[PDB]
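There are 6 protein chains.
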Amino acid sequence: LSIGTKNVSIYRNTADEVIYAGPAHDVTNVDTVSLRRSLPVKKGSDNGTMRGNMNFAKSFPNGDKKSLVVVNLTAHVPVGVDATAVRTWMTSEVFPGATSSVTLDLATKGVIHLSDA
Amino acid sequence: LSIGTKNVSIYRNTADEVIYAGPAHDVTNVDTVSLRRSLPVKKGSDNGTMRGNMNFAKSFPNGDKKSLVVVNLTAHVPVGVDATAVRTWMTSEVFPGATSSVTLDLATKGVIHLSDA
Amino acid sequence: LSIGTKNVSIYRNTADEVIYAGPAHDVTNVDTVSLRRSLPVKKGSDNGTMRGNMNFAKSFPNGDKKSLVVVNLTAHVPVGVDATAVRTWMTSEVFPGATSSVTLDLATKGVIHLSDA
Amino acid sequence: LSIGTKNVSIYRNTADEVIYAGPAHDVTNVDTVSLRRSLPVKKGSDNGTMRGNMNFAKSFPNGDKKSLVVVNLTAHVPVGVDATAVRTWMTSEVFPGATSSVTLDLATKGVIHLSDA
Amino acid sequence: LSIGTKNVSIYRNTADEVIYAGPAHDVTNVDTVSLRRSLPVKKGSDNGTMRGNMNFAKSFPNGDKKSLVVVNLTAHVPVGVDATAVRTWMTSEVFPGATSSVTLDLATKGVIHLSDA
Amino acid sequence: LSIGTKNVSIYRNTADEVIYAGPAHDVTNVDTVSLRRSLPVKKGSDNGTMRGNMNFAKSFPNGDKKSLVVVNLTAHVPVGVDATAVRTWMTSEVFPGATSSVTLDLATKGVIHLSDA
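Chains as they are written, first to last, in full-length UniProt numbering: chain A, 2 to 118; chain B, 2 to 118; chain C, 2 to 118; chain D, 2 to 118; chain E, 2 to 118; chain F, 2 to 118.
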């Protein structure tokens, strides 16, 4: 049981959310990957939207205490779209940009203006 | 200007959000990447949280209409946490897991059980 | 994990119901098999009934839209009845009749008269 | 007049239900196969749904008394779907799973979690 | 899936409890091993307690009817206590005494005086 | 006076509970094994239930303070159930599973999924 390069185990299991714990996760150190979903609700003429949330939670030393660093990856896919097209777009266009230096600079410096070449 | 392997141009500029337009963005088709920041508010004694949001928006055919697929990547870093440690954690743990088949399955099928290998 | 000749995966888990997803299940297309149980409640003197429900759900083209076709197979077994006798009856009498052309005709044409051979 | 491998005869005949009796059916032993239909009601813009129910009823010794074991096979087919596609899906995908060991284990043990290969 | 020398299967999966059924478990007989947990609650300054419960249930002939024999095993480990110290305490001091003839006499006859050697 | 491999002495003697103290028990540290019983009460037609309880209490360093780790083992045996069957069930089915690594994982980490072998 692995997510990416990190081996995990099932920690908690609800109907629409499964929380997995990393090897370091314990009662005082948080190391968790949550997979949560919101299933499409057919309302009116709209068929709904599937929401997929991937949560990374890690404990970090903050001065004397511990702080929780959280990274969320959320996708909103309306019902009726071709899944293969969305997967290809996510692989070719979303993934390379989401794991680039832009994400790190935005996280640790608040950089929203890109530069330059 | 590039975001990963995609060339973009500044499209909308605000104080805390910049929207960049991809090569396919026009009046009819959406192809955008947005960078948004929520700077820490060090109220009282707590030093606040830096929130970095990266938004990917793409229009897709859905029957006769068009539907927006949105992918969100948000980092919540409390103030005082070492930036280098957070960047190392994001690069070695979050980035490989957020670009695996697990993310694609969760987004396009709502799969929250990553069995079993 | 297999149901007959179809490979399935755990999709949704509840206390008394489990939904498995087929290879064609995604945000746009439904391909699911659900197993539900109603355990006996031995109120007063009656030992109750065990209710086992099997649900097959598949999306189909219907003009411009999609329509859900659902097949239900429910067994109501009162408590105290020999399990082996019930299984023999289901295998020898119920199963051959529930997979004949009679079931197909009833489902797709509403035929309730099985004349004449 | 046969249903599956069981020879039956017409026992009762209404507009939307025909009850057939097996060779053993009598005034004290129940051995019946009912075919019931609910015809589509064209209401609003919805063209309705054809419901087809196949009921197997059998009397079984339960201690000192006799209990009724009932198996229901219900199909809900919306108007406008291709009937050949539904029949092919039912033959190749519904029937093998509905007459497997999964159904027997669900009926006689309440097993909703599948295992393992 | 083994708990000791017993081959079990998942029977009910809840966020804080998983019930495993043995070979002799069915609708009318009970053969179950239930794992239960109460995760620590960081209330005030106390980090909480980790509560783990392992339940054994079996049906037994009791004259005319069938009675349920239940063996419970609950551990209370406060957060912050070294886990390795607790595990060697249980292995060497709790487990050998909890599986001796003292438990058998206490369970069947209520013997609380273990005289004398 | 032995409970397993531990040499204990009588520390408290009441009608339905005897507390024995280990070699490390004193005024400021807890090292105790308590045997408790609830004798059957012939209430109405029910012959009652014998309840047995084995309690293990130890003190452990918890940061600055000393925390109490408690392991409980409770058995409920209805009156009329054959004692030898219960004893062989505990010896063969309950004891081997109650002293395995599953107990340690449940007590220290709250693991309720014993995947997979």
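All C-beta atoms in this analysis are idealised placements derived from N, C-alpha and C, irrespective of residue type, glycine included.
Residues that DSSP places opposite residue i in a beta bridge
i: residue 157 of chain B; result: Outside the modelled stretch of chain B, which goes from 2 to 118, sits residue 157 of chain B, for which no answer is possible.
i: F/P62; result: F/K67
i: B/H77; result: A/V71 and B/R52
i: C/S35; result: C/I20 and C/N56
i: C/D47; result: In the DSSP output, where bridge partners are listed per residue, C/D47 has none listed.
i: C/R13; result: C/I20
i: D/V42; result: According to DSSP, D/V42 bridges with nothing at all.
i: C/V87; result: C/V87 pairs with nothing; no bridge assigned.
i: B/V82; result: A/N63
Anticipated Cβ contact below 8 Å, residue i with residue j, distance rounded
i: E/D27; j: D/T109; result: 7 Å
i: A/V31; j: A/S60; result: 4 Å
i: B/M51; j: B/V80; result: 7 Å
i: B/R37; j: B/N48; result: Not a contact, Cβ separation roughly 20 Å.
i: D/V34; j: D/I11; result: So it is not a contact: roughly 11 Å between Cβ atoms.
i: D/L107; j: C/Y21; result: Not really, about 13 Å apart at Cβ, beyond 8 Å.
i: D/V78; j: D/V87; result: 6 Å
i: A/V95; j: B/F57; result: 5 Å
i: E/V19; j: F/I113; result: 5 Å
i: A/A16; j: C/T15; result: 6 Å
Beta carbon proximity, residue i to chain E, threshold 7 Å
i: C/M51; result: yes
i: A/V34; result: no
Per-residue contacts from residue i into chain E (C-beta, under 7 Å)
i: A/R13; result: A16
Within chain E, partners of residue i - CB distance below 8 Å
i: D/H114; result: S10, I11, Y12 and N14
is_contact[residue i, chain C] using C-beta, thresh 7 Å
i: B/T109; result: yes
i: A/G45; result: no
i: D/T100; result: yes
i: D/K67; result: no
i: D/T89; result: no
Chain-ordered neighbours of residue i on chain A, where CB pairs are closer than 7 Å
i: B/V95; result: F57 and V72
i: E/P41; result: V28
Residue i, buried or exposed, once every other Cβ within 10 Å from all chains shown has been counted against 16
i: A/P41; result: buried
i: C/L74; result: buried
i: C/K7; result: buried
i: E/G45; result: exposed
i: D/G111; result: buried
i: F/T29; result: exposed
i: residue 1 of chain F; result: With chain F running from 2 to 118 in the structure shown, residue 1 of chain F is simply not present.
i: D/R13; result: exposed
i: A/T100; result: buried
i: C/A118; result: exposed
i: D/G98; result: buried
i: B/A84; result: exposed
Below-7 Å beta-carbon distance, residue i vs any chain F residue
i: E/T75; result: yes
Within chain C, partners of residue i - CB distance below 9 Å
i: A/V82; result: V28 and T29
Under 9 Å by beta carbon: chain D residues contacting residue i
i: C/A22; result: Those within 9 Å of C/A22 in chain D number zero; the least Cβ separation is about 12 Å.
Chain D within 7 Å of residue i, Cβ atoms only
i: C/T104; result: yes
Within chain B, partners of residue i - CB distance below 7 Å
i: A/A86; result: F61
Within chain C, partners of residue i - CB distance below 7 Å
i: B/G64; result: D65
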